[PDB]
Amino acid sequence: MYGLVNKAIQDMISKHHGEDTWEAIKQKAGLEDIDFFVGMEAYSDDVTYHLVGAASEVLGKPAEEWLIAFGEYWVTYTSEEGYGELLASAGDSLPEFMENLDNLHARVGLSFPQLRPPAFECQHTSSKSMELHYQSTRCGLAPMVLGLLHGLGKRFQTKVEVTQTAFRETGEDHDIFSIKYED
């Protein structure tokens, strides 16, 4: 993934746990040589998965749980590190934002030419609920999506109840979530 993602990981770990903890994770991930991540440069996805695994081990958290926190963090990180106006432009509510997400990533992809963005499709079941389809070229990121949804809930001061109903990993086509939301 692009360096930006790995920078967010480093920043979250450093902020929540300290530089020493980050260094331990970075070493454990096999990344000691890398002095810094380059935000607009592409890295092997392996770099990210290794950080997740190393974070899980050092912190003593399940990786899924850690990925949820990271997904929530991303919503704040992007808004603060150069993508605040882009985020704002994608909407004023959770369901509008999710409808705009593919277009938001298309905009990102203008600048990040190698982007492999996720694809999100909404099927609205009421004015306060939807079924969300998450399609990706990558494995393992559903729990990050859960955190992102909670991050968006906070952003829009909206209560969000989310349950995963289909699993990419268990052979099923793609991840699907049932979501209810209210003010």
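Each residue number is its position in the shown sequence, starting from 1.
- For the pair 152-160 and 52-60, the mean Cα B-factor is higher in 52-60.
- In this entry, 22-30 has the higher mean Cα B-factor, the comparison being between 39-47 and 22-30.
- Ranking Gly82, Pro113, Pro95, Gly71 by Cα temperature factor from the entry places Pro113 first.
- Among the modelled residues of the chain, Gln135 sits in the lowest third by CA temperature factor in this PDB entry.
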